[PDB]
Amino acid sequence: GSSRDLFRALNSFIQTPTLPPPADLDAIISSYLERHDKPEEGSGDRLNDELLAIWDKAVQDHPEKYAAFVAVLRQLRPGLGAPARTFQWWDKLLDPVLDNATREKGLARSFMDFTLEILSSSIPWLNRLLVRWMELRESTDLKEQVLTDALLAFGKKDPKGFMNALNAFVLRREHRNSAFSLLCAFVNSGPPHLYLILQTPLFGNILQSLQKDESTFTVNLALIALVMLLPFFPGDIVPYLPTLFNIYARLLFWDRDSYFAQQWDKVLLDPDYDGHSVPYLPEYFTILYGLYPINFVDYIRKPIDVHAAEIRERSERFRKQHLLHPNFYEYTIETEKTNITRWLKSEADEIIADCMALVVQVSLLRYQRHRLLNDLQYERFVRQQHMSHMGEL
Amino acid sequence: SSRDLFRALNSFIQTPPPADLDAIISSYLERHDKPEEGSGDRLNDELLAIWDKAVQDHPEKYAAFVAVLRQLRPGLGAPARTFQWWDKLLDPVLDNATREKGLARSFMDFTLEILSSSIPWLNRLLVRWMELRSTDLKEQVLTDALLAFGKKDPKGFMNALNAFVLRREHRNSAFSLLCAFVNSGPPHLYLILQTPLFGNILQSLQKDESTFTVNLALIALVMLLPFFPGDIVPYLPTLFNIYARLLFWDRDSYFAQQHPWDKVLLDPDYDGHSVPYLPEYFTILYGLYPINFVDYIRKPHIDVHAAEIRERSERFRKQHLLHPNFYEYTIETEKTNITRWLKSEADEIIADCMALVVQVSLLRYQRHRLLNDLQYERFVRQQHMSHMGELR
């Protein structure tokens, strides 16, 4: 096993390809990787040229062999040399897998395993995945499962870059709902260092959507994302607190905001499908009361006196749902914001548990959230499908 | 037929009353307009003569004499004639309540007739209600009479009781009777603020060392505060300090190991280490002045003691919802804005406070049950005390 032996073994595997690769092929590949230390010189160039030739002459026009080629590419992954060749190959195989994900058994699983092996060893990826996920999004298919699992893996590897690329799609109206949906799905996968959203423009544009957009569906997605994001950096949102409180007041009068549409890229109100109240508004109250109760109740008390009284009357049903907060025995309105020991001692799951202890062991919550996301995707499908029909006359 | 009342009385006593006696009495009171000049005085003197010469040593005629005095009560005239007779018959009735049938009920009917017509009474009832201190008919009569007089004159009632609160040997009984008074639902309970009783209740809560005495005072305070919540602002620091003292009752009882208010000392045989009614005190405090209460708990009037106050108030915090005052008032305007109390009555304020706990009859009934339990415990305690010593 040096080079000629690999060429003959690969071509022989191509003439008769199976799904479980024979042991002697694993042996020839292992001996090649062992007997070649630094293919970064020429060895990688000739290996690349060989894989290109094999793809052109034998694989390109045989989708049933794609999974086998990917399996071989997995074993041959360590020997390409420069990481850009592995990029060039993943990018080359991206669309053939997407186009044959539903028809070739095991191809999606093998390509996922190849992706995970790439990610677990030692922007253009994210943008390509995002744009393609927008394209194939006008039921669930294998192509969307592949795109979704890959997006979650890339976001787990680069959370700051992920939420950066999505911000571009947040600026465009036609993908904001989808972007917020993917953001919720991303947050649902439990990725690390979610606080990096503060070193990214996504958070401010979420708040801008909550403040300006008029579609109940868009604002509701943004609210779900905000509720899922706040427990991961509660001590860093102090400068954003007036906006968050003002956002609560806006959603509190959603039955008026929708009404005012009586004629930054705004999403306008859809009078056909958007309801009159934000379903996830109560949970937002809980997290605000859980994190900064003294500042929150001071905002509700003292923002028109009549408008303030109405804010109070509509906050009454939330007041009767929450116990007295322990901060009332310990902090002032200043020290509530200034003392950060609370956040040093507790992680997101503890902060969530302490908050949910105020409402009159987490996997349940994540499962519920995934069910909610499925419900909302089904609702959007229903909407979109009702739109294609109405108008046809 | 109305002129020979004395002849009929002397003939009837010296031997149910016949219909013609009640008829002559009724016609006498009918055609006699203003007996206040003298006819009532001579009637009183004659009834006294009959009592001395014919009734005093004739127990079977006590009930008949009381029935006649009940029917002739409107014609006595001056209210001092009625007081003179009630005072004269008090001890004979109490002494014969158990032996003469219907006598207790007849004297109760006399009391009811007294209540439905237009201090020395209270002092006489109080002194005898201390002298008597299972269940006793004499104590029930004395209690019901004290409660009836207190319902008619609540400010005067409390006033006499304040004297017994000042006596160490009478404080427990005075507070028990006070609890029964507040439970009877008397009017104008805010008048306790125009009397020194409230301040001496707080002084007992601050200084007395008997768990039984302090818990009685706390129960009385809880029953009293909803009747004048807007007037207790100057007392708020004291009430808060009282809560803190009771919050550390298991230390204060222990801390009373080395040492013009006459303190009731700790009774080491039965007094426990915690005040049972302390949570309800928290509830009423949280119901009335939450912003000031939690501000007191956050920073009291050292840091370690404070943290301990916090740690013990945590368990009460987990039982109460967020108060609506936090959407409406500051710590200043909570004391300054009085609109809450203008339209509100005591029962409404109590019901609203009970909206924080995680329509009045049941409360009164439970309270009376508790008061009976405590009186029965006091009986047990005394019965045990008297036997510890006979062995010596």
# chains A, B, ... in the order shown; residues from 1 in each chain; ligands from 1

$ interface_residues --of "chain A" --to "chain B" --cutoff "6 Å" --atoms "only C-alpha atoms" --output "compact mmCIF listing (two decimals) with C-alpha atoms, in the first residue's frame"
# COMPACT_ATOMS: atom_id res chain seq x y z
CA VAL A 297 -42.24 47.11 38.92
CA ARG A 301 -45.52 52.04 38.31
CA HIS A 322 -45.92 35.47 40.75
CA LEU A 323 -44.64 35.15 44.30
CA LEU A 324 -42.76 37.94 46.04
CA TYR A 329 -35.27 41.40 50.87
CA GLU A 330 -31.78 42.18 49.59

$ residues_around --residues "stretch 53-64 of chain B" --least-positions-apart "2" --cutoff "12 Å" --atoms "only C-alpha atoms" --output "PyMOL selection string"
chain B and resi 9-18+46-51+66-71+88-90+92-110

$ residues_around --residues "stretch 285-288 of chain B" --least-positions-apart "2" --cutoff "8 Å" --atoms "only C-alpha atoms" --output "count of residues only"
10

$ residues_around --residues "residue B:193" --least-positions-apart "5" --cutoff "9 Å" --atoms "only C-alpha atoms" --output "list in words"
residues 198, 199, 228, 231 and 232 of chain B

$ select_by_dssp --residues "stretch 254-370 of chain A" --states "helix (DSSP H, G or I)" --output "NGL selection string"
:A and (254-260 or 281-291 or 293-301 or 305-319 or 326-329 or 335-338 or 341-345 or 348-356 or 363-370)

$ atom_distance --atom1 "atom CA of residue A:75" --atom2 "atom CA of residue A:142"
24.3 Å

$ atom_distance --atom1 "atom CA of residue A:4" --atom2 "atom CA of residue A:59"
19.7 Å

$ atom_distance --atom1 "atom CA of residue A:100" --atom2 "atom CA of residue A:115"
16.8 Å

$ residues_around --residues "residue A:195" --least-positions-apart "4" --cutoff "9 Å" --atoms "only C-alpha atoms" --output "ChimeraX atom specification"
/A:160,199,229,232-233,236

$ residues_around --residues "residue B:20" --least-positions-apart "4" --cutoff "12 Å" --atoms "only C-alpha atoms" --output "count of residues only"
12
